[PDB]
Structure formats: C-alpha cells, structure tokens
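K.L.:
Below: the sequence, then the experimentally determined structure.
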Amino acid sequence: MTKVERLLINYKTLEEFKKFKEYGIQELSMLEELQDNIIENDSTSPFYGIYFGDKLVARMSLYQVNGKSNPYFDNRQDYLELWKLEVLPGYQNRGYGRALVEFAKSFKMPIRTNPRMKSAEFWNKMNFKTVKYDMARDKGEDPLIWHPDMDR
Amino acid sequence: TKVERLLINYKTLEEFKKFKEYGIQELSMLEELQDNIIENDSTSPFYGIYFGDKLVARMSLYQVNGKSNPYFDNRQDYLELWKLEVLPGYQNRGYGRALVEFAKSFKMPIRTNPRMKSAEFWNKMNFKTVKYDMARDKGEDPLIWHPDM
Ligand SMILES: CC(C)(COP(=O)(O)OP(=O)(O)OC[C@H]1O[C@@H](n2cnc3c(N)ncnc32)[C@H](O)[C@@H]1OP(=O)(O)O)[C@@H](O)C(=O)NCCC(=O)NCCS
Ligand SMILES: CC(C)(COP(=O)(O)OP(=O)(O)OC[C@H]1O[C@@H](n2cnc3c(N)ncnc32)[C@H](O)[C@@H]1OP(=O)(O)O)[C@@H](O)C(=O)NCCC(=O)NCCS
Ligand SMILES: OC[C@H]1O[C@@](CO)(O[C@H]2O[C@H](CO)[C@@H](O)[C@H](O)[C@H]2O)[C@@H](O)[C@@H]1O
Ligand SMILES: OC[C@H]1O[C@@](CO)(O[C@H]2O[C@H](CO)[C@@H](O)[C@H](O)[C@H]2O)[C@@H](O)[C@@H]1O
Ligand SMILES: [Co+2]
Ligand SMILES: [Co+2]
C-alpha cells in the first residue's frame, strides 16, 4: 500500500534528486527555474515518485509525446515517454518500480522507454517489448514499448 | 588520425561484442546479414580505428534531418554521433579524440547524447550542453558542437 505521488519542486526535493544516479540537465534547469521565479516553489513537474517515511525513495518522469512525428505505434498515435525510473539502494525489488510503472499504464496510453542495459529483465516483467530497430528513427537508443491489450 | 569506415560482416560484428554500448542496432545488423537482407561487406554508420587487426575504437555517425530536430540555428541538418567508445587498455591514447575529430572534419554541426562519467572528455572536445527543453529532450542530456567560422 505504497502510493504514487506527483512530486512538487522545491530545494528540499531537488536535494533528494541528487541521491539518484540518473541526474542531469533536467535537474539543473529545474533548479535554475526555481531560483529565477519564486512563484514556482512548490509547483509540479513531470515527476511522480514514492516516499517511505518522508524520504523520496523512487521516481519517474512522464511526458506525452506527439506520435505523428515519432513513428512508434499503430498509425502514429501519441504515447507517454517514461524516463528516469529509479529506486534508491535498500528499497529495490520491493515493488516500487512496478508500482510506478503500473501507474503510467493507468493512463491507458502506449508507453516508450529507453532503459539501462543492466535492467532489461525488469522491463521484461513489465511486459515491454523491443522495437524493430530503425536507424533513422532510433539512432543509438534501444527503445522498449508497451500498449493497452498487453499487460494492464 | 587512422579512422576507417567499418564494413558489416560476421568478423567485425563479432568484434562489436567486445564493446559495452552493444544493443539492438548490432542485433538488427546480424540478422539482416544472416537473413540475407544486406550484403556481406556492406557499409554502415560505423567508423572505427584498428590496432593490429583488432578493432579498438568505434562510433556511429549519421546525418539527421534538422527540420524535425530543432537543435541548431536556422534548423539546419547535423550529424548524430553515438556509441562512441574505446576498449580498455587503449583509453586516453587519442583514439576517442581521433574519431570525434574525424566527425568534426566535415564542418557540420554535431549532436551527441553522452555517457554518464564521460562528461570531462566531451568538454575537452568543446561540446556544449544544450539549454534543456523537456518536450524536445526528455531525459536525454544532449551535447552539441558546431564549427566557429
Ligand atoms: C530497475 C529498478 C527501477 C527496479 O527496482 P524495483 O522497482 O524495486 O523492482 P520491482 O520490485 O518493482 O520489480 C518487479 C519485479 O521484477 C524483478 N526485478 C526487479 N529488479 C530486477 C533486476 N534488476 N534483475 C532481474 N529482475 C528484477 C523483481 O524480482 C520484481 O518482483 P517479481 O518478478 O517477483 O514480481 C531499480 O532497481 C533501479 O532504480 N535500478 C537501479 C540501477 C540499475 O539499473 N541496476 C539494476 C540492477 S541492481
Ligand atoms: C572517453 C572515451 C569514449 C574515448 O576517449 P579516449 O579515446 O579514451 O580519450 P582521448 O585520449 O581520445 O581523449 C583525449 C583527452 O581527453 C581526456 N580524457 C578522456 N577521458 C577522460 C576522463 N574520463 N576524465 C578526464 N579526461 C579524460 C584525456 O585526458 C585527453 O586529454 P588531453 O588531450 O588534454 O591530454 C573512452 O575513454 C571510453 O570509451 N571509455 C568508456 C568508459 C567511460 O565512459 N569512462 C570514462 C573513461 S574511464
Ligand atoms: O503525512 C502523511 C504521510 O505522507 C508522507 C509520505 O507520503 O508525506 C510525504 O509526501 C507529502 C506529499 O506532498 C510531502 O508533502 C512530504 O514532504 C512527504 O513527507 C509522510 O510525511 C507521512 O508519513
Ligand atoms: O583496404 C583495406 C581492406 O582490408 C581490410 C580487411 O581485408 O582491412 C580492414 O579490416 C581488417 C580486419 O577485418 C583490419 O586488419 C584492417 O586494418 C582494416 O583496414 C578491409 O576492411 C578492406 O577491404
Ligand atoms: Co585518413
Ligand atoms: Co560549439
């Protein structure tokens, strides 16, 4: 009974993000936006996460992509790009990731993700499938996909 | 530099398995080769550098349509650089640079999505971080280079 929350942006949460490995420019810019406009302290972001106690313990970033110019699904439908899916050490294999994933699935929209190489078994379980490689489209990503009428 | 266009064949496809950034690209190529789709010794977006008859470094380079990829001024086209890598025992000897410089030699802008810890090398190649655009980037951390005329 560990629920998914939309994460609010603030110095505290940005501090939490530094504990995650998949940290990069999204985080840097978030910080920059916050220090430039106070009105966006305690605002929402593309991130959803799970908390144990009051520590952020697992996160995931979500955005709906225009499928018209990203040909992944049947006759070019929009899908959710899922990224930065991560659970801190000491809290893995406990189902937080699966919980975050099924949350994304609750939107009843196709999903694309570009995972880590040493965590492909986890996605096998989430019932995602490898795309057919298209060098012009995929260019050195190894995208995984999912759509309704696969694994709820 | 001693850079070279890599030719697809079981021999070099085997050598690829020595590199860590190995995925579906290679997998697609292997079956395309063996299912007779492509021809033996056909070209690829890969370029590489040998030491002896051992493939030591490689990158995949491809000209991208800048219309649907707004990364540079006046939506011009650019080359996507990826899977760039050098085998252990050969790192920090110039091979990596040699490839990046081969790419740069065509005077087109270059975009690459780098590997975690490799930040410091890219900085030495004068690649710069794009001002992050969530809709465009989505948890990529793109780096761009363009020639300064
Ligand atoms: C990938 C990651 C998001 C999943 O962790 P998690 O959400 O707590 O895992 P879950 O409990 O939700 O996984 C669902 C199921 O898949 C399995 N699974 C999870 N991690 C796995 C692993 N890395 N290898 C093989 N199977 C795995 C689990 O056994 C789990 O239970 P079930 O199959 O019995 O139903 C998380 O471990 C992470 O943040 N990764 C860390 C860095 C990394 O990529 N390393 C992976 C190896 S440690
Ligand atoms: C970075 C990489 C892709 C190719 O680069 P390379 O061929 O090994 O390095 P090069 O000799 O061509 O780079 C030339 C310059 O980059 C610098 N450089 C390369 N890797 C570096 C690093 N990890 N940290 C600091 N500087 C680095 C070299 O010090 C050298 O600097 P100099 O000209 O001022 O003396 C290669 O190291 C690699 O495939 N490693 C993969 C593992 C990884 O990502 N970790 C980083 C290296 S341990
Ligand atoms: O207060 C009840 C319960 O909620 C927790 C964890 O779910 O609160 C966390 O989530 C809140 C939702 O916005 C955050 O405001 C808060 O920072 C975070 O702790 C726990 O604190 C508590 O057990
Ligand atoms: O023009 C070079 C010619 O020779 C080949 C092999 O016959 O050489 C390349 O590949 C070899 C390993 O497969 C390397 O030993 C060699 O250094 C490299 O040039 C062909 O690629 C090419 O037809
Ligand atoms: Co030459
Ligand atoms: Co530049």
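P.N.:
Yes, it's here. Residues are numbered from 1 along each chain as shown, chains lettered A, B, ... in the order given. Ligands and ions are numbered 1, 2, ... in the order given.
K.L.:
and the nearest residue to residue A:17 once chain neighbours are set aside, what element?
P.N.:
Spatial nearest neighbour of residue A:17, excluding adjacent residues (CB to CB, 6 or more residues apart in numbering or on different chains): residue A:27 at 5.2 Å. No exception for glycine: its C-beta is placed from N, CA and C like everyone else's. Assigning secondary structure by DSSP states H and E places residue A:27 in helix A:25-36.
K.L.:
So what's the gap between that helix and the chain middle?
P.N.:
What separates the centre of helix A:25-36 from the centre of its chain is 18 Å, taken as CA atoms, centre = their mean, to the nearest Å.
K.L.:
now for it, which elements pack on it?
P.N.:
Identification of packing neighbours for helix A:25-36 by 3 or more CB pairs under 8 Å, 6 or more residues apart in numbering or on different chains; DSSP states H and E yields helix A:11-17, helix B:134-137.
K.L.:
for the ones you listed, which one sits closest to ligand 2?
P.N.:
helix B:134-137 (20.5 Å; CB to the nearest ligand atom).
K.L.:
Tell me if I'm right that residue A:108 and residue A:147 touch.
P.N.:
No: the pair residue A:108 / residue A:147 is not scored as a contact, 9.4 Å apart, by CB atoms under 8 Å.
K.L.:
Tell me which of those two has more neighbours.
P.N.:
Neighbours around residue A:108 and residue A:147, counted as other CB atoms under 10 Å in any protein chain shown, are more numerous at residue A:147. The numbers are 19 against 8.
K.L.:
Grab the nearest non-local neighbour of that one.
P.N.:
Using CB to CB, 6+ apart, the closest residue to residue A:147 is residue A:110 (3.9 Å).
K.L.:
surely that neighbour meets residue A:70?
P.N.:
No: in this structure, residue A:110 is not within contact of residue A:70 by CB under 8 Å, at 10.8 Å.
K.L.:
which residues touch the residue lying closest to residue A:13 once chain neighbours are set aside?
P.N.:
Of all residues not flanking residue A:13 in the chain, residue A:7 sits nearest, at 6.0 Å (CB to CB, 6+ apart). By CB atoms under 8 Å, 6 or more residues apart in numbering or on different chains, the contact set of residue A:7 is A:13, A:44-45, A:47-49, A:56, A:59.
K.L.:
out of the residues you listed, who's nearest residue A:129?
P.N.:
residue A:48 (23.2 Å; CB to CB).
K.L.:
So what pairs up with the closest one in the strands?
P.N.:
residue A:6, residue A:60 (DSSP bridges).
K.L.:
Check the burial of the residue nearest to residue A:147 by counting its neighbours.
P.N.:
So residue A:110, with other CB under 10 Å, has 20 neighbours.
K.L.:
now it: how far from residue B:5?
P.N.:
37 Å (CB to CB, to the nearest Å).
K.L.:
ok, now which ones touch the closest residue to residue A:101 other than its chain neighbours?
P.N.:
Spatial nearest neighbour of residue A:101, chain neighbours left out: residue A:126 (5.0 Å); criterion: CB to CB, 6+ apart. The neighbours of residue A:126, taking CB under 8 Å, 6+ apart as the test, are A:98, A:101, A:146, A:151.
K.L.:
just residue A:28 next, same as before
P.N.:
Neighbours of residue A:28 in contact, by CB under 8 Å, 6+ apart: residue B:132.
K.L.:
again with residue A:52
P.N.:
A:2, A:91.
K.L.:
Which strand residues bridge it?
P.N.:
For residue A:52, the beta-bridge partners under DSSP bridges are residue A:55.
K.L.:
Before I go, just wanted to say thanks for your time.
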